[PDB]
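Heads up, the chain below is alone and in the form deposited in one PDB entry; it's given as structure tokens.
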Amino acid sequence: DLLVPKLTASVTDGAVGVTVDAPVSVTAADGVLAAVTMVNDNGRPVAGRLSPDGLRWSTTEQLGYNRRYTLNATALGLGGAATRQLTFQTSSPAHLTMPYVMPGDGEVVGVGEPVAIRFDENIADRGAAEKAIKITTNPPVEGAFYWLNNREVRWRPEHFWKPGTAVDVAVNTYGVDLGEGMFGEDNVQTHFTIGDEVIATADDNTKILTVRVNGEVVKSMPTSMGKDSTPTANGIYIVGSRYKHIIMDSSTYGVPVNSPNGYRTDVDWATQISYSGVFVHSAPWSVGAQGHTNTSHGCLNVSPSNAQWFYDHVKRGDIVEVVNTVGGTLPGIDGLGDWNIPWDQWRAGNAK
């Protein structure tokens, strides 16, 4: 004869510590769903949708933390009715943390821009954070996570992006335990595209900064780099913020302004290429040295003409490579020196 309806929920009655990273759902068997309601302690209805066939019902909005939810469902069929009531307690985070993703949604960036996810708290379970971040690419390319510090994680392929590539980032950290009770405050989703290949190279042996667009030299800039005592580091740099004019306070980098190697002046047409202070800026006071000798604290001294041209034609994510200098190699965890870490080490990751 007719069979008694059966109900199924994605939560268990009496569950404590239920994660809010997924929807709560009720499914019916041997019948249809006649009524479903979910409420918090205070009694406010939690939004939900029922499938046209009446078999599946799921929550249509996020669920809060430290909540006591009550789910009431009724199934009807030819073989009778069934009513269930459930109550579960959602997660109680010891602390929350909001993610911050760059580059911004819709941007077009150079072939060296890595996907960056920054949290405003230290992350204790890095693997949980890597698992909660989805990275889609078209054309699909291999990539890998690597942490610069306890709070920011990066993702890039082995070699520079092939132009025209779409990148989609889905940081689905809400409802996910990130260690020691650290849960996500919200989710984020950005998308960006890779633009022209723009690789600029600065050779200390020639003291010249050459900008190449799509493999073709388009500009040759005489420059003066870091002097022997405060030299520019060799390696690959990624282009960051661009300023029509920027006040260079030495204290920003921990070096006191009232010091031999300190400084507090205002320069024009500055393109940041290092968190540690390396720039490409306008330096009128060194035109004579530019192209011959080094007389700076680390940034590439360029004429106002060329500096502005650099400002106008170089976008976030383009590459600046420095070679044959007397200084060392840019640290891989600088924040813009990601490509200076060997691919094997980067791929391996440091999730611990």
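Note that the rigid core is defined as the largest set of C-alphas that superpose within 1.5 Å between two forms. A residue's number is simply how far along the shown sequence it sits, counting from 1.
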If you take the mean CA temperature factor per stretch, which one wins between 73 to 81 and 267 to 275? 73 to 81
Which is higher on mean Cα B factor in this entry, 236 to 244 or 257 to 265? 257 to 265
Out of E216, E158, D249, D196, which one has a C-alpha B factor higher than all the others in the entry? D249
Place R68 in the lowest, middle or highest third of its chain's C-alpha B-factors, as listed in the PDB entry. highest
Comparing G110 with the other modelled residues of its chain, is its CA B-factor in the lowest, middle or highest third? lowest
Modelled-residue ranking by C-alpha temperature factor, third containing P331: lowest
Within-chain third of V141 by Cα B-factor, per the entry: lowest
Binned into thirds over the chain's modelled residues, the C-alpha B-factor of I341 lands in the middle
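There is another form of this protein, the form deposited in another entry, and it is not shown here; the text below is about that form.
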Against the rigid core, a Cα displacement of 2 Å or more between the shown form and the other one applies to just one of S251, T136, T206, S92. Which? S251
Large Cα shift (2 Å or above) at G215 between the shown form and the other one, core-fitted: no
